[PDB]
Amino acid sequence: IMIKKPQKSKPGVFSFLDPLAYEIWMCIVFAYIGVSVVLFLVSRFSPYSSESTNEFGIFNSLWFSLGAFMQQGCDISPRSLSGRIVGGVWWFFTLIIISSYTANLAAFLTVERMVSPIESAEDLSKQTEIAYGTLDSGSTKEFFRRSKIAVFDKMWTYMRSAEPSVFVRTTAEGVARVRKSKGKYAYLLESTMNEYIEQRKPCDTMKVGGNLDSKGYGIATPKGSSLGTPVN
Amino acid sequence: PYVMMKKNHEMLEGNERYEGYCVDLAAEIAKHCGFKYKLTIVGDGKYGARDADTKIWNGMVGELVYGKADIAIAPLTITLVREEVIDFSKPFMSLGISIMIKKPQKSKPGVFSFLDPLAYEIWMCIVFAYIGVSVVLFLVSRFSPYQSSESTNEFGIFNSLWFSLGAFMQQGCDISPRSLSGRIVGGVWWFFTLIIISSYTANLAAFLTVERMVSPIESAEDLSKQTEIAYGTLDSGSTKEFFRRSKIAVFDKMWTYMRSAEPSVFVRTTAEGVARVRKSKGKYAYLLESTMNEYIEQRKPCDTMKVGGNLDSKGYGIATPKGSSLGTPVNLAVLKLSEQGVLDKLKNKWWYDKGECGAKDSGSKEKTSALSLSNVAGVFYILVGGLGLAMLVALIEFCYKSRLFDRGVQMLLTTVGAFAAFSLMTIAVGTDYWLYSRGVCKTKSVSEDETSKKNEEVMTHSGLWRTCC
Amino acid sequence: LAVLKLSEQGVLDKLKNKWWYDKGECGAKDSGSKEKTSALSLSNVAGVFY
Amino acid sequence: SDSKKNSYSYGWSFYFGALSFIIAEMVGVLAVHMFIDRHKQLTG
Amino acid sequence: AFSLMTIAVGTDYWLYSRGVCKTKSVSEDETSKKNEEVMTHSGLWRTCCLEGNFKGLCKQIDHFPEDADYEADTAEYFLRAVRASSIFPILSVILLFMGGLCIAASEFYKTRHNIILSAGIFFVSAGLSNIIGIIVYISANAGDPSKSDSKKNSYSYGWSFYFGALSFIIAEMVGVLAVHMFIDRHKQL
Ligand SMILES: NS(=O)(=O)c1cc2c(cc1Cl)N[C@H]([C@H]1C[C@H]3C=C[C@@H]1C3)NS2(=O)=O
Ligand SMILES: NS(=O)(=O)c1cc2c(cc1Cl)N[C@H]([C@H]1C[C@H]3C=C[C@@H]1C3)NS2(=O)=O
Ligand SMILES: N[C@@H](CCC(=O)O)C(=O)O
Ligand SMILES: N[C@@H](CCC(=O)O)C(=O)O
């Protein structure tokens with residue numbers, strides 16, 4: 001089975017910023033600014049010296065809130081009751097978001113490196129998304145026709161009743177249909193032909209599954225030719 | 001899948017125009033009984049039923065009875081009134097009356113989906129444990145040291161809430177207990193919050209992205225409970241005759257609604273019934289054969305979902321006229337195909353190979369995507385609400401400074417609470433309305449006497465001591 | 001004809017589920033499959049509370 | 001099923017036991033403040 | 001800050017996506033399909049479609065679409081209805097207007113000693129109403145995204161969304177400076 005190789009995804013330089021979305025990282029910075037000023041506004045409020053009872057200035061408030069988010073913590077801790085409320089909820093904000101980061105970053109490290117949407121010929125039979133075709137007047141077309149294996153008979157039934165026709169004139173036209181179908185088409189061809197196409201550029205074809213059967217290429221003579229036995 | 005037109009049917013003539021499960025089965029019946037057959041569609045298009053007060057069978061059964069046709073290999077369900085007029089073979093396929101509903105869109109996780117990885121009873125116990133540890137830490141520290149000698153340690157009731165909340169949220173707190181058995185309170189609570197948070201953060205990304213099907217109606221009992229979603233069945237069918245002659249109380253509630261429905265819920269064909277399900281935006285339900293229902297579901301656009309299970313078991317049978325001579329070899333033929341797995345093979349071939357949709361072929365949907373702001377928005381909502389609440393309390397507190405319970409007043413407060421705490425506890429141990437659940441009811445005390453089965457397991461206001469219906 | 005009359009009235013279904021399940025002696029009496037993602041139970045973390 | 005086979009739902013008796021917990025810890029907190037007050041009066 | 005927020009609410013360049021264009025005016029027509037969904041500079045209230053003949057001309061979006069085959073639940077109805085009447089952005093407009101009026105009132109009327117605080121309260125609260133305006137806007141647009149789940153649409157944000165974001169940041173800093181003025185007036189007192 002030859003299919004279009006799935007696009008090789010590139011991990012970005014900032015791939016660590018991927019588990020949360022761009023709108024989330026923007027709103028976290030918006031939440032970081034918004035909490036710090038409110039903590040500043042409550043703490044450096046009217047006193048009734050008493051104004052300087054707190055150490056939570058606006059530069060100190062930004063530093064405490066960054067310490068809370070990064071889970072490291074800071075020395076200053078809010079002492080007034082309304083100052084504790086804003087410090088408490090921002091802690092509750094941090095616990096959910098940072099854990100959602102670490103759990104998704106676990107998920108982005110436990111990604112299965114899947115390159116096979118479809119696999120060996122049973123999975124080809126069980127799907128309708130990707131069409132599969134063969135070269136006309138060829139042994140591969142002949143093999144699926146006179147077949148008794150249950151999966152192969154199912155594959156031949158779909159190839160007969162397919163619109164548009166999956167059958168191709170040559171292997172090169174069969175390869176070209178695979179490349180321009182952006183991974184929605186599969187083409188069934190020989191293992192050594194699949195090897196040579198995969199080696200050559202643009203190397204966008206990937207051999208998938210295993211050999212369905214074993215066959216051979218042999219030197220052919222007409223029956224009753226005198227040269228048949230010396231060639232053999 | 002029983003009878004259908006080929007892609008090239010307009011050119012083709014005779015038997016090749018029709019193909020399908022029953023068509024190939026008609027080929028297998030003809031070979032084993034050695035006859036020649038002609039495939040004809042009945043002109044009316046019905047499945048066969050008695051007419052109302054005319055006593056004429058209309059459709060397929062009427063085609064058999066009035067001498068028009070020699071055999072009916074078709075989806076004809078074996079029923080009592082059909083058996084009386086004409087013979088049936090042994091059933092070639094088994095089925096059930098089943099419910100069809102529009103496939104609901106996958107529900108998004110809610111606003112409060114963050115508190116989902118722990119259950120409701122756990123979060124309540126955490127809050128109760130949070131209140132508990134803070135009070136104990138207050139009692140241990142401020143307890144008559146042997147003036148401000150009491151006030152040397154900084155653990156008041158309001159600070160002890162802050163230290164415990166700091167320990168739970170995994171944030172460093174300014175204060176530390178600085179006392180044996182104060183440090184024991186802190187250390188055990190540290191071990192508490194280590195395990196509880198680790199259980200919380202173990203799978204939080206999975207819960208915030210899981211998509212759950214709502215499943216409005218499970219089976220016929222839930223279907224009867226509301227008139228919001230209408231339901232109907234095919235006209236002149238075994239399903240209509242089944243609900244008509246039904247004496248089961250749930251099915252009795254069905255047939256009353258079937259007759260007294262405006263506009264008429266009955267559809268002349270299944271294809272109109274499926275089209276009515278799709279275009280009614282989930283306000284219509286369709287009661288149909290399970291074999292047809294599984295076939296409609298397995299093919300695209302796959303916007304229909306079968307719910308629950310078969311209401312009853314019945315069977316499709318090849319039908320012959322009463323007393324005919326062809327039928328007894330057809331009885332022989334159906335038995336032979338069942339033993340030779342041909343009936344096994346034909347059903348497995350037609351349904352499974354012609355699966356042409358996403359739902360049947362690869363039902364599983366796998367994705368490992370980034371979180372989006374719709375997934376986590378309640379925490380942003382609570383934070384902005386917490387910020388607004390904090391400014392409000394500070395403005396109120398500024399009013400209080402701009403403008404103390406006495407000991408006798410405080411003594412009044414603890415006596416009201418002590419009377420309340422004793423009264424509420426003794427009621428709770430005494431009364432028996434702790435839990436509402438389906439439970440062992442009391443038509444008879446045991447559940448084993450002549451199929452009691454708790455008499456349909458009614459809702460039961462269970463108690464700590466004993467259960468009560 | 002009588003087998004059909006019993007089946008259509010739900011009698012054969014009522015006889016069937018009664019004899020197997022109700023006279024059966026197993027404690028579970030039914031089974032179901034959990035979702036791959038489900039919330040924790042209090043019994044699963046009761047040791048921490050103790 | 002997903003909490004629906006029995007649909008276990010707690011009642012006012014269960015909630016009153018939860019309310020009995022909240023009142024009992026508060027009157028415990030109220031009592032200790034009285035004893036701290038008494039020891040403070042005894043010291044002075 | 002009052003200028004930037006009022007511009008952002010009024011203009012229609014919030015979001016860039018393949019959206020409903022004017023080939024279907026109210027989206028009830030036959031076979032038209034919005035010319036296969038051409039690029040639309042969608043706004044908070046408007047859906048004007050660019051790269052087309054009807055460039056800059058549109059009809060208001062209805063935030064509760066029919067024929068989308070849904071039944072609104074409590075959570076679904078609440079998020080749509082807030083975004084439909086867009087109260088959280090326009091509250092950020094009105095609160096920032098009230099605080100800016102108090103700033104003008106603060107320079108005259110000496111010895112009041114609380115008005116400069118109140119404008120600082122309005123300025124920080126206008127910012128908080130702005131953030132919940134943004135979060136409602138993003139979470140609503142996640143509903144009915146595209147053929148892919150919030151990916152094929154590629155809903156890039158226009159300068160109007162960035163101005164309301166910039167409106168938030170400067171309103172907070174002015175809210176910080178109002179508190180610094182209020183503290184400094186108490187130290188003089
Ligand atoms: N699975 S199915 O519905 O396709 C199906 C249904 C049935 C099958 C075989 C299959 Cl494969 N055989 C039985 C047959 C065995 C004996 C009892 C009834 C007939 C004779 N009929 S059935 O119960 O109607
Ligand atoms: N509940 S069950 O599956 O044991 C069951 C199975 C069957 C029942 C009745 C019950 Cl209760 N009756 C049907 C009957 C209805 C008509 C079709 C087949 C016979 C005549 N046979 S069945 O399909 O074999
Ligand atoms: N080996 C094959 C190649 C062509 C094909 O696969 O159809 C043949 O000679 O027929
Ligand atoms: N196949 C069914 C169709 C009618 C129905 O479902 O009631 C029959 O002929 O009995």
# chains A, B, ... in the order shown; residues from 1 in each chain; ligands from 1
call {"tool": "interface_residues", "arguments": {"of": "chain B", "to": "chain A", "cutoff": "8 Å", "atoms": "only C-alpha atoms", "output": "PyMOL selection string"}}
result
chain B and resi 114+162+165+169-174+201-205+353+356-357+361-362+368-373+379-380+382-383+386-387+390-391+393-394+398+401-402
call {"tool": "interface_residues", "arguments": {"of": "chain C", "to": "chain B", "cutoff": "6 Å", "atoms": "only C-alpha atoms", "output": "PDB file with C-alpha atoms, in the first residue's frame"}}
result
ATOM      1  CA  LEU C   4     -47.523 -15.977  18.848  1.00  0.00           C
ATOM      2  CA  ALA C  39     -14.699  11.623  38.569  1.00  0.00           C
ATOM      3  CA  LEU C  40     -13.069  10.325  41.732  1.00  0.00           C
ATOM      4  CA  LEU C  42     -14.951   9.634  48.217  1.00  0.00           C
TER       5      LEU C  42
END
call {"tool": "residues_around", "arguments": {"residues": "residue 35 of chain C", "least_positions_apart": "3", "cutoff": "10 Å", "atoms": "only C-alpha atoms", "output": "list in words"}}
result
residues 32, 38 and 39 of chain C; 1 and 2 of chain D
call {"tool": "closest_residue", "arguments": {"among": "B:96, B:187, B:104, B:216", "to": "ligand 1", "atoms": "only C-alpha atoms and all ligand atoms"}}
result
B:96
call {"tool": "residues_near_ligand", "arguments": {"ligand": "ligand 4", "cutoff": "8 Å", "atoms": "only C-alpha atoms and all ligand atoms", "output": "CSV table (one decimal) with C-alpha atoms, in the first residue's frame"}}
result
chain,number,residue,atom,x,y,z
B,47,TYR,CA,-46.4,-3.5,4.3
B,48,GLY,CA,-49.8,-5.1,4.8
B,74,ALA,CA,-39.8,-9.3,2.1
B,75,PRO,CA,-39.6,-7.6,5.5
B,76,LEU,CA,-42.9,-9.0,6.7
B,77,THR,CA,-43.1,-9.4,10.5
B,78,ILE,CA,-44.7,-12.6,11.9
B,79,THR,CA,-47.8,-11.5,13.9
B,97,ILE,CA,-39.2,-2.2,17.8
B,233,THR,CA,-44.6,5.1,13.6
B,234,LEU,CA,-45.3,3.9,10.1
B,235,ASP,CA,-48.8,3.7,8.8
B,236,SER,CA,-50.3,0.2,8.1
B,237,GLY,CA,-47.6,-1.7,9.9
B,238,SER,CA,-46.9,-4.4,12.5
B,239,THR,CA,-45.6,-1.6,14.8
B,240,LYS,CA,-49.0,0.2,14.7
B,241,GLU,CA,-50.8,-3.1,15.2
B,242,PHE,CA,-48.5,-4.0,18.2
B,288,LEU,CA,-39.2,1.4,13.9
B,289,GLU,CA,-37.6,-2.0,13.2
B,316,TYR,CA,-39.2,-11.2,9.7
call {"tool": "residues_around", "arguments": {"residues": "residue 4 of chain D", "least_positions_apart": "3", "cutoff": "12 Å", "atoms": "only C-alpha atoms", "output": "count of residues only"}}
result
9
call {"tool": "residues_around", "arguments": {"residues": "residue 56 of chain E", "least_positions_apart": "2", "cutoff": "10 Å", "atoms": "only C-alpha atoms", "output": "list in words"}}
result
residues 12, 40, 41, 46, 47, 48, 49, 50, 51, 52, 53, 54 and 58 of chain E
call {"tool": "interface_residues", "arguments": {"of": "chain B", "to": "chain D", "cutoff": "7 Å", "atoms": "only C-alpha atoms", "output": "PDB file with C-alpha atoms, in the first residue's frame"}}
result
ATOM      1  CA  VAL B 135     -10.212  25.730  64.058  1.00  0.00           C
ATOM      2  CA  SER B 144      -3.186  29.738  77.931  1.00  0.00           C
ATOM      3  CA  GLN B 147      -1.179  40.024  78.640  1.00  0.00           C
ATOM      4  CA  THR B 414     -22.894  30.683  72.138  1.00  0.00           C
ATOM      5  CA  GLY B 417     -25.571  28.115  68.802  1.00  0.00           C
ATOM      6  CA  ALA B 418     -25.226  25.332  71.389  1.00  0.00           C
ATOM      7  CA  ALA B 421     -26.097  22.471  67.352  1.00  0.00           C
ATOM      8  CA  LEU B 424     -29.989  19.907  64.593  1.00  0.00           C
ATOM      9  CA  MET B 425     -27.831  16.859  65.323  1.00  0.00           C
ATOM     10  CA  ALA B 428     -30.545  14.321  61.896  1.00  0.00           C
ATOM     11  CA  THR B 431     -35.222  11.554  61.174  1.00  0.00           C
ATOM     12  CA  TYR B 433     -34.710  11.645  55.112  1.00  0.00           C
ATOM     13  CA  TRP B 434     -30.934  11.549  54.569  1.00  0.00           C
ATOM     14  CA  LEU B 435     -30.784  10.102  51.057  1.00  0.00           C
ATOM     15  CA  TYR B 436     -33.184   9.995  48.104  1.00  0.00           C
ATOM     16  CA  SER B 437     -32.610   6.917  45.945  1.00  0.00           C
ATOM     17  CA  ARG B 438     -34.439   4.047  44.286  1.00  0.00           C
TER      18      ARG B 438
END
call {"tool": "atom_distance", "arguments": {"atom1": "atom CA of residue 60 of chain E", "atom2": "atom CA of residue 281 of chain B"}}
result
25.2 Å
call {"tool": "residues_around", "arguments": {"residues": "residue 189 of chain E", "least_positions_apart": "6", "cutoff": "10 Å", "atoms": "only C-alpha atoms", "output": "list in words"}}
result
residues 111, 113 and 183 of chain E
call {"tool": "residues_near_ligand", "arguments": {"ligand": "ligand 3", "cutoff": "10 Å", "atoms": "only C-alpha atoms and all ligand atoms", "output": "list in words"}}
result
residues 133, 134, 135, 136, 137, 138, 139, 140, 141, 142, 143, 167, 168, 169, 170, 171, 187, 188, 189, 190, 191, 193, 215, 216, 217 and 218 of chain A
call {"tool": "write_last_selection", "arguments": {"atoms": "N, CA and C atoms", "output": "compact mmCIF listing (two decimals), in the first residue's frame"}}
result
# COMPACT_ATOMS: atom_id res chain seq x y z
N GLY A 133 -6.89 2.19 -5.53
CA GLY A 133 -6.98 1.77 -6.91
C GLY A 133 -5.75 0.98 -7.33
N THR A 134 -5.86 0.36 -8.51
CA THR A 134 -4.77 -0.43 -9.09
C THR A 134 -4.61 -0.11 -10.57
N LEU A 135 -3.48 -0.54 -11.12
CA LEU A 135 -3.22 -0.40 -12.55
C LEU A 135 -4.07 -1.37 -13.36
N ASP A 136 -4.62 -0.90 -14.48
CA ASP A 136 -5.48 -1.75 -15.30
C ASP A 136 -4.67 -2.69 -16.18
N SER A 137 -5.24 -3.87 -16.44
CA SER A 137 -4.59 -4.99 -17.12
C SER A 137 -3.26 -5.35 -16.47
N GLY A 138 -3.31 -5.55 -15.15
CA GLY A 138 -2.14 -5.94 -14.40
C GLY A 138 -2.48 -7.05 -13.43
N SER A 139 -1.42 -7.68 -12.91
CA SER A 139 -1.58 -8.83 -12.02
C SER A 139 -2.24 -8.43 -10.71
N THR A 140 -1.99 -7.20 -10.25
CA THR A 140 -2.62 -6.71 -9.03
C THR A 140 -4.13 -6.57 -9.22
N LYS A 141 -4.56 -6.10 -10.39
CA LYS A 141 -5.98 -6.08 -10.71
C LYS A 141 -6.54 -7.49 -10.82
N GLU A 142 -5.76 -8.41 -11.39
CA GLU A 142 -6.19 -9.80 -11.51
C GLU A 142 -6.28 -10.48 -10.15
N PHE A 143 -5.41 -10.11 -9.21
CA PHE A 143 -5.35 -10.79 -7.92
C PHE A 143 -6.60 -10.54 -7.09
N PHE A 167 -9.18 3.00 -11.00
CA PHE A 167 -8.18 2.36 -11.84
C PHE A 167 -7.41 3.38 -12.67
N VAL A 168 -6.11 3.14 -12.82
CA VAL A 168 -5.19 4.06 -13.47
C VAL A 168 -4.53 3.34 -14.64
N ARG A 169 -3.97 4.12 -15.57
CA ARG A 169 -3.36 3.52 -16.75
C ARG A 169 -1.93 3.04 -16.47
N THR A 170 -1.10 3.87 -15.85
CA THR A 170 0.28 3.51 -15.50
C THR A 170 0.56 3.77 -14.03
N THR A 171 1.69 3.21 -13.57
CA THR A 171 2.14 3.44 -12.20
C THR A 171 2.44 4.90 -11.94
N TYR A 187 -2.84 3.90 -3.38
CA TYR A 187 -2.59 3.16 -4.61
C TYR A 187 -1.81 1.90 -4.30
N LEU A 188 -2.34 0.76 -4.75
CA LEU A 188 -1.81 -0.55 -4.42
C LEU A 188 -0.80 -0.98 -5.47
N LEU A 189 0.46 -1.13 -5.08
CA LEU A 189 1.49 -1.46 -6.05
C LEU A 189 2.54 -2.35 -5.39
N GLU A 190 3.49 -2.81 -6.20
CA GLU A 190 4.48 -3.79 -5.77
C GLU A 190 5.48 -3.20 -4.79
N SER A 191 6.06 -4.08 -3.96
CA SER A 191 6.93 -3.64 -2.87
C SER A 191 8.19 -2.96 -3.39
N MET A 193 8.63 -1.58 -6.44
CA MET A 193 8.22 -0.32 -7.05
C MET A 193 7.91 0.73 -5.99
N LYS A 215 4.80 -12.64 -4.40
CA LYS A 215 4.78 -12.95 -5.82
C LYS A 215 6.21 -12.85 -6.34
N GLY A 216 6.38 -13.09 -7.64
CA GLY A 216 7.68 -12.94 -8.26
C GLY A 216 7.56 -12.42 -9.68
N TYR A 217 8.65 -11.80 -10.13
CA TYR A 217 8.84 -11.42 -11.53
C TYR A 217 9.73 -12.46 -12.18
N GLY A 218 9.30 -12.99 -13.32
CA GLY A 218 10.07 -13.99 -14.02
C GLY A 218 10.24 -13.64 -15.48
call {"tool": "select_by_dssp", "arguments": {"residues": "chain D", "states": "helix (DSSP H, G or I)", "output": "ChimeraX atom specification"}}
result
/D:12-43
call {"tool": "residues_near_ligand", "arguments": {"ligand": "ligand 1", "cutoff": "10 Å", "atoms": "only C-alpha atoms and all ligand atoms", "output": "PyMOL selection string"}}
result
chain B and resi 89-95+290-291+314-317+331-339+341-348+351
call {"tool": "closest_atom_pairs", "arguments": {"of": "chain C", "to": "ligand 2", "cutoff": "9 Å", "atoms": "only C-alpha atoms and all ligand atoms", "output": "CSV"}}
result
residue,atom,partner,partner_atom_place_in_ligand_line,distance
C:1,CA,ligand 2,20 (C),8.8
C:3,CA,ligand 2,20 (C),7.0
C:4,CA,ligand 2,20 (C),5.2
C:5,CA,ligand 2,15 (C),8.5
C:6,CA,ligand 2,9 (C),8.0
C:7,CA,ligand 2,12 (N),4.8
C:8,CA,ligand 2,15 (C),6.8
C:10,CA,ligand 2,11 (Cl),6.5
C:11,CA,ligand 2,11 (Cl),7.0
C:12,CA,ligand 2,11 (Cl),4.1
C:13,CA,ligand 2,11 (Cl),3.2
C:14,CA,ligand 2,11 (Cl),6.9
C:15,CA,ligand 2,11 (Cl),7.4
C:16,CA,ligand 2,4 (O),5.7
C:17,CA,ligand 2,1 (N),7.3
call {"tool": "write_last_selection", "arguments": {"atoms": "N, CA, C and O atoms", "output": "mmCIF file, in the first residue's frame"}}
result
data_model
loop_
_atom_site.group_PDB
_atom_site.id
_atom_site.type_symbol
_atom_site.label_atom_id
_atom_site.label_comp_id
_atom_site.auth_asym_id
_atom_site.auth_seq_id
_atom_site.Cartn_x
_atom_site.Cartn_y
_atom_site.Cartn_z
ATOM 1 N N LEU C 1 -50.310 -20.853 16.848
ATOM 2 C CA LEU C 1 -50.975 -19.576 17.098
ATOM 3 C C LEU C 1 -50.781 -19.117 18.540
ATOM 4 O O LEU C 1 -50.660 -17.916 18.806
ATOM 5 N N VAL C 3 -48.262 -19.673 20.650
ATOM 6 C CA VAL C 3 -46.918 -19.143 20.884
ATOM 7 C C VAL C 3 -46.832 -17.687 20.436
ATOM 8 O O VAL C 3 -46.224 -16.847 21.113
ATOM 9 N N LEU C 4 -47.468 -17.362 19.310
ATOM 10 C CA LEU C 4 -47.523 -15.977 18.848
ATOM 11 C C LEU C 4 -48.320 -15.093 19.798
ATOM 12 O O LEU C 4 -47.944 -13.937 20.031
ATOM 13 N N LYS C 5 -49.423 -15.611 20.352
ATOM 14 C CA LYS C 5 -50.242 -14.818 21.266
ATOM 15 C C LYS C 5 -49.504 -14.517 22.564
ATOM 16 O O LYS C 5 -49.651 -13.428 23.128
ATOM 17 N N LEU C 6 -48.717 -15.474 23.057
ATOM 18 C CA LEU C 6 -47.898 -15.229 24.238
ATOM 19 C C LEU C 6 -46.803 -14.212 23.951
ATOM 20 O O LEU C 6 -46.486 -13.372 24.800
ATOM 21 N N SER C 7 -46.204 -14.285 22.759
ATOM 22 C CA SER C 7 -45.106 -13.384 22.426
ATOM 23 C C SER C 7 -45.592 -11.956 22.225
ATOM 24 O O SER C 7 -44.921 -11.004 22.641
ATOM 25 N N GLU C 8 -46.747 -11.787 21.578
ATOM 26 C CA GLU C 8 -47.228 -10.444 21.270
ATOM 27 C C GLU C 8 -47.697 -9.715 22.526
ATOM 28 O O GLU C 8 -47.599 -8.485 22.610
ATOM 29 N N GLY C 10 -46.276 -9.784 25.337
ATOM 30 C CA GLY C 10 -45.126 -9.637 26.209
ATOM 31 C C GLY C 10 -44.991 -10.712 27.266
ATOM 32 O O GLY C 10 -44.150 -10.590 28.162
ATOM 33 N N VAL C 11 -45.814 -11.761 27.180
ATOM 34 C CA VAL C 11 -45.826 -12.802 28.205
ATOM 35 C C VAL C 11 -44.540 -13.615 28.148
ATOM 36 O O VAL C 11 -43.926 -13.906 29.180
ATOM 37 N N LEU C 12 -44.096 -13.963 26.936
ATOM 38 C CA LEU C 12 -42.841 -14.693 26.782
ATOM 39 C C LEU C 12 -41.644 -13.856 27.217
ATOM 40 O O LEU C 12 -40.666 -14.394 27.742
ATOM 41 N N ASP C 13 -41.697 -12.540 27.001
ATOM 42 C CA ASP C 13 -40.648 -11.667 27.521
ATOM 43 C C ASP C 13 -40.719 -11.565 29.038
ATOM 44 O O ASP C 13 -39.687 -11.511 29.719
ATOM 45 N N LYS C 14 -41.934 -11.504 29.582
ATOM 46 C CA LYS C 14 -42.109 -11.417 31.030
ATOM 47 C C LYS C 14 -41.725 -12.720 31.720
ATOM 48 O O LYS C 14 -41.227 -12.711 32.850
ATOM 49 N N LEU C 15 -42.001 -13.856 31.085
ATOM 50 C CA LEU C 15 -41.547 -15.126 31.639
ATOM 51 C C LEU C 15 -40.034 -15.246 31.562
ATOM 52 O O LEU C 15 -39.407 -15.834 32.450
ATOM 53 N N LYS C 16 -39.432 -14.718 30.490
ATOM 54 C CA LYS C 16 -38.005 -14.936 30.261
ATOM 55 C C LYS C 16 -37.157 -14.176 31.266
ATOM 56 O O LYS C 16 -36.308 -14.765 31.941
ATOM 57 N N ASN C 17 -37.381 -12.869 31.396
ATOM 58 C CA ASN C 17 -36.545 -12.075 32.292
ATOM 59 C C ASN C 17 -36.776 -12.447 33.756
ATOM 60 O O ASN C 17 -35.880 -12.279 34.591
#
call {"tool": "residues_around", "arguments": {"residues": "segment 16-26 of chain B", "least_positions_apart": "2", "cutoff": "6 Å", "atoms": "only C-alpha atoms", "output": "ChimeraX atom specification"}}
result
/B:1-5,9,12-14,28-29
call {"tool": "closest_atom_pairs", "arguments": {"of": "chain B", "to": "chain E", "cutoff": "8 Å", "atoms": "only C-alpha atoms", "output": "CSV"}}
result
residue,atom,partner,partner_atom,distance
B:110,CA,E:75,CA,7.2
B:111,CA,E:75,CA,7.4
B:281,CA,E:69,CA,5.3
B:282,CA,E:69,CA,7.8
B:373,CA,E:139,CA,6.2
B:374,CA,E:139,CA,4.5
B:377,CA,E:135,CA,7.2
B:380,CA,E:135,CA,7.8
B:381,CA,E:132,CA,7.1
B:384,CA,E:128,CA,6.5
B:388,CA,E:125,CA,7.6
call {"tool": "write_last_selection", "arguments": {"atoms": "C-alpha atoms", "output": "CSV table (one decimal), in the first residue's frame"}}
result
chain,number,residue,atom,x,y,z
B,110,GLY,CA,-19.7,23.6,31.5
B,111,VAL,CA,-18.5,26.8,33.1
B,281,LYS,CA,-34.6,19.6,15.2
B,282,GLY,CA,-34.9,16.8,17.8
B,373,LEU,CA,-10.7,29.7,26.5
B,374,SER,CA,-14.2,28.3,26.2
B,377,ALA,CA,-13.6,30.4,31.4
B,380,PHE,CA,-11.6,33.7,34.7
B,381,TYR,CA,-15.2,34.5,35.7
B,384,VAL,CA,-13.1,38.9,38.1
B,388,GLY,CA,-15.2,43.0,42.3
call {"tool": "closest_residue", "arguments": {"among": "B:181, B:260, B:219, B:462", "to": "residue 232 of chain B", "atoms": "only C-alpha atoms"}}
result
B:260
call {"tool": "atom_distance", "arguments": {"atom1": "atom CA of residue 48 of chain C", "atom2": "atom CA of residue 184 of chain B"}}
result
15.3 Å
call {"tool": "decode", "arguments": {"residues": "segment 27-35 of chain C", "atoms": "N, CA and C atoms", "output": "mmCIF file, in the first residue's frame"}}
result
data_model
loop_
_atom_site.group_PDB
_atom_site.id
_atom_site.type_symbol
_atom_site.label_atom_id
_atom_site.label_comp_id
_atom_site.auth_asym_id
_atom_site.auth_seq_id
_atom_site.Cartn_x
_atom_site.Cartn_y
_atom_site.Cartn_z
ATOM 1 N N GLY C 27 -25.282 -11.441 43.322
ATOM 2 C CA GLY C 27 -25.509 -10.192 44.034
ATOM 3 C C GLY C 27 -25.662 -8.991 43.121
ATOM 4 N N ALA C 28 -24.963 -9.002 41.983
ATOM 5 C CA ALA C 28 -24.899 -7.816 41.130
ATOM 6 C C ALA C 28 -26.238 -7.524 40.457
ATOM 7 N N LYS C 29 -26.835 -8.542 39.827
ATOM 8 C CA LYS C 29 -28.114 -8.609 39.115
ATOM 9 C C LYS C 29 -28.096 -7.863 37.778
ATOM 10 N N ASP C 30 -27.050 -7.095 37.471
ATOM 11 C CA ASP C 30 -26.859 -6.351 36.230
ATOM 12 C C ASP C 30 -25.430 -5.823 36.216
ATOM 13 N N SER C 31 -24.980 -5.396 35.038
ATOM 14 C CA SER C 31 -23.632 -4.865 34.888
ATOM 15 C C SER C 31 -23.643 -3.697 33.911
ATOM 16 N N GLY C 32 -22.634 -2.838 34.044
ATOM 17 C CA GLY C 32 -22.464 -1.709 33.146
ATOM 18 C C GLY C 32 -20.997 -1.357 33.014
ATOM 19 N N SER C 33 -20.690 -0.564 31.988
ATOM 20 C CA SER C 33 -19.318 -0.185 31.671
ATOM 21 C C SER C 33 -19.090 1.288 31.986
ATOM 22 N N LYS C 34 -18.013 1.571 32.715
ATOM 23 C CA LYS C 34 -17.673 2.941 33.068
ATOM 24 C C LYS C 34 -17.040 3.670 31.886
ATOM 25 N N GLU C 35 -17.135 4.996 31.916
ATOM 26 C CA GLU C 35 -16.459 5.833 30.937
ATOM 27 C C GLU C 35 -14.956 5.853 31.234
#
